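# Topology and contacts: notes
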Amino acid sequence: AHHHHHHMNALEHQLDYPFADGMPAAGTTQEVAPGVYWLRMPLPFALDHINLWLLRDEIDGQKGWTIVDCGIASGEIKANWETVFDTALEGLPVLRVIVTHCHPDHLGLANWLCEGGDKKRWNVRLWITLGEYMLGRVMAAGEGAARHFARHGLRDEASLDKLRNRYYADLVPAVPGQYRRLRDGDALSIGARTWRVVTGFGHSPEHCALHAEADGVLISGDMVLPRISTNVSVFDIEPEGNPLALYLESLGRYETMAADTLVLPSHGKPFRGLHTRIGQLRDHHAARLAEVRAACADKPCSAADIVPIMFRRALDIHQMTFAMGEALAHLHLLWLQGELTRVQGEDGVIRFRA
Ligand SMILES: [Ca+2]
Ligand SMILES: [Ca+2]
Ligand SMILES: [Ca+2]
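Residues numbered from 1 in each chain as written, not as in the entry; some residues may be left out. Chains lettered and ligands numbered in written order. Heavy atoms only, no water. Residues with missing side-chain atoms left out of burial classes, pairs and counts.

Secondary structure summary: the protein contains twelve helices and 14 strands in total. The C-alpha atoms of the protein give 21 Å as radius of gyration, which agrees with the globular expectation for 354 residues (20 Å, within 12%). Considering only C-alpha atoms, the protein reaches an extent of 65 × 45 × 35 Å along its principal axes. (Helix = DSSP H or I, 4+ residues; strand = E, 2+ residues; numbered from the N terminus. Rg over C-alpha atoms; globule rule 2.2 N^0.38 Å.)

So this is what it looks like as structure tokens:
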């Protein structure tokens with residue numbers, strides 16, 4: 001996420017933070033609900049942290065801990081995990097590792113945690129959805145990205161070269177060779193609770209949020225974040241994708257949850273106002289779509305044309321191509337519902353017009 005950048009929530013004051021600005025220091029935990037503990041790991045990106053969750057649990061008579069998400073494979077996060085093992089687990093083992101999705105800050109240390117950390121203290125199973133596991137395996141093991149961004153309006157030969165000669169493998173250095181499949185609707189028994197798998201689309205293949213309906217707690221992964229937008233992007237591998245339509249449809253899964261649901265997001269702070277935040281995200285994308293409509297009404301626009309309208313800030317070449325993926329997702333939503341016509345110019349650039 002070094003070149004990743006996000007849209008900040010100016011309506012944060014409409015959410016409620018039950019712990020205010022309290023946050024667990026590195027290597028320590030903070031109880032956010034009975035048997036649910038919050039870990040905060042540093043990240044070296046603009047997004048400077050990820051929240052991970054430790055759930056008190058008992059499987060087959062053995063008391064211990066279920067981990068949700070892992071961090072990137074950095075020396076600093078590994079050291080913080082080791083401190084946690086030694087001082088914050090009450091001397092009890094990890095029983096299993098659940099990963100919400102394959103992005104590196106969530107999947108990176110799965111293999112290392114499954115195999116017991118530096119001292120190999122246990123040997124446990126990774127639980128994850130099939131789509132996230134398989135894409136993780138594909139990416140864990142370029143020139144296609146450059147052809148992609150070129151046909152969407154990036155024409156500077158020097159910039160295209162910087163993409164050609166290009167991360168995931170350094171942050172996710174191994175992915176477990178075995179997994180336990182999570183599927184939408186699965187009931188997980190974790191400690192005193194049943195957590196249900198709520199799958200989400202448009203951000204990643206098959207994103208797993210975990211919902212404890214009786215106590216009203218939601219582990220939202222990256223699908224609902226209080227301070228930032230969720231990345232929704234069209235990529236070279238699925239060049240006609242409609243991820244924004246999938247994402248906006250997916251947000252309906254949370255609008256039927258309780259209005260007082262405690263949301264545990266992967267970035268930001270635990271919060272209430274789930275429905276408020278969903279409304280803010282819907283409003284945000286409606287405003288971005290209106291800008292795309294307005295621009296395409298006056299001339300055929302490429303994704304590169306849309307970036308400086310959608311992102312009112314300076315971007316380097318790497319941030320530009322990341323923004324281009326999100327611009328293209330908004331173009332594709334309008335295109336595929338019949339509001340734009342897609343034309344590949346004789347210059348090879350794909351553009352969209354009213
Ligand atoms: Ca993600
Ligand atoms: Ca191994
Ligand atoms: Ca994330």
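This model, assessed by the stated rule, comprises six aromatic pairs. An angle of 25° between the planes, with centres 5.7 Å apart, marks the rings of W81 and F85 as stacked. Of this pair, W81 and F85 are both found in helix α1 (residues 75-87), four residues apart, which corresponds to roughly one turn of the helix. Exposure class is identical for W81 and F85. Each is buried. With centroids separated by 6.1 Å and ring planes inclined at 25°, the aromatic side chains of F85 and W112 adopt a geometry described as stacked. Of this pair, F85 sits in helix α1 while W112 sits in helix α3 (residues 110-114), and the two are 27 residues apart along the sequence. A relative accessible area of 10% means that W112 is categorised as buried. Here the aromatic cluster, defined as three or more aromatic residues joined through ring pairs, consists of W81, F85, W112 and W122. Lying over the aromatic face of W127, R96 brings its terminal NZ or CZ to 4.7 Å of the ring centre. If you follow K269 out to its NZ or CZ, it ends over the ring of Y17, 4.0 Å from the centre. (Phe/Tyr/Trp six-rings, centres within 6.5 Å; stacked < 30°, edge-to-face > 60°. Buried < 20%, exposed > 50% of the residue type's maximum accessible area, 1.4 Å probe, protein only. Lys NZ or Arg CZ within 6 Å of the ring centre and 35° of its normal.)

With that settled, the discussion passes to the coordination of the calcium ion (ligand 1). The coordination sphere of the calcium ion (ligand 1) contains the protein donors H101 (NE2), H103 (ND1), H203 (NE2) and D222 (OD), at a distance range of 2.2 Å. Separating the calcium ion (ligand 1) from the calcium ion (ligand 3) is a distance of 3.8 Å, and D222 supplies a donor atom to each of them. (Donors = N, O, S within 2.8 Å, 3.2 Å for Na, K, Ca; no water.)

Right, let's talk about the UniProt feature "binding site: Ca(2+) 1" (unreviewed entry) in the protein for a bit. Here the UniProt-annotated "binding site: Ca(2+) 1" (unreviewed entry) positions come out as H101, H103, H203 and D222. Leaving out residues up to four positions away in the same chain, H101 has contacts with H106, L107, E132, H203, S204, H207 and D222. Side chain to side chain, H101 and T100 meet in a polar contact 2.9 Å long. Tracing the chain through its elements places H203 in the loop between β9 (193-200) and β10 (207-212). Leaving out residues up to four positions away in the same chain, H203 has contacts with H101, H103, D222, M223, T230 and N231. (UniProt positions renumbered as here; feature names shortened; annotations may be inferred. Contact = heavy atoms within 4.5 Å. Polar contact = N/O pair within 3.5 Å; in protein donor to acceptor, adjacent residues only side chain to side chain.)

Judged by pairing direction, the sheet is mixed, and its seven strands sit side by side in the order β1-β2-β3-β4-β5-β6-β7 without closing on themselves. Strand pairing shows two members of the sheet lacking a second neighbour, β1 (30-33) and β7 (180-182), which therefore form its edges. The mean angle between the axes of side-by-side strands here comes to 30°, regardless of whether they run parallel or antiparallel. Examined bridge by bridge, strand β3 (residues 49-59) and strand β4 (residues 62-68) share seven bridges and lie antiparallel to one another. Within β4, the residue paired with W53 across the bridge is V68. Relative to the sheet, α1 contacts β2 (36-42), β3 and β4, its axis offset from that of β2 by approximately 150°. Packing of helix α4 (residues 130-140) onto the sheet brings it into contact with β6 (125-129) and β7, and relative to β6 it is tilted by some 105°. (Pairing = 2+ DSSP bridges. Axes fitted to C-alpha atoms, helices over the stretch in contact; angles between N-to-C directions.)

In this section: the pairing of strand β11 (residues 217-221). For β11, the buried fraction is high: five of the five residues fall into the buried class. Alternating residues of β11 divide into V217, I219 and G221 and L218 and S220, and every residue in both groups is buried. Bridge analysis of β10 against β11 gives three bridges, and the strand direction is antiparallel. Counted as the bridge partner of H211 is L218 from β11. By the bridge criterion, four bridges tie β11 to strand β12 (residues 262-265) in an arrangement that is parallel. Among the inter-strand pairings, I219 is bridged to a residue of β12, identified as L264.

It is at 8 Å that the axes of helix α11 (residues 303-310) and helix α12 (residues 317-336) come closest, and there the two elements cross at 100°. Relative to α12, the element α11 lies roughly perpendicular. Residues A303, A304, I306, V307 and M310 of α11 form the contact with α12, whose participating residues are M320, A323, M324, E326, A327, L328, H330 and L331. Here the residues of the contact of α11 with α12 sort into eleven nonpolar, one polar and one charged. (Parallel < 35°, antiparallel > 145°, perpendicular 65-115°, else oblique. Nonpolar A, V, L, I, M, F, W, Y, C, P; charged D, E, K, R; others polar.)

Moving on, we come to helix α8 (residues 243-250). At 3.6 residues per turn, the α-helix brings residues three or four places apart onto the same side. Those residues of α8 that sit buried are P243, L244, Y247, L248 and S250. Seen from one end, α8 has its buried residues packed into an arc of 160°, which puts them on one side. Residues of α8 that are buried sit in contact with β9, α9 (252-255), α10 (274-298) and α12. (Arc of directions from axis to C-beta.)

Taken in spatial order, the five strands of this open sheet run β8-β9-β10-β11-β12, and their pairing is mixed. Where the open sheet ends on each side, the last strands, each with one partner, are β8 (187-190) and β12. When the angles between neighbouring strand axes are averaged without regard to direction, this sheet yields 30°. Bridging between β9 and β10 involves five bridges; their strand directions are antiparallel. Bridge pairing in β10 links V197 to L210.

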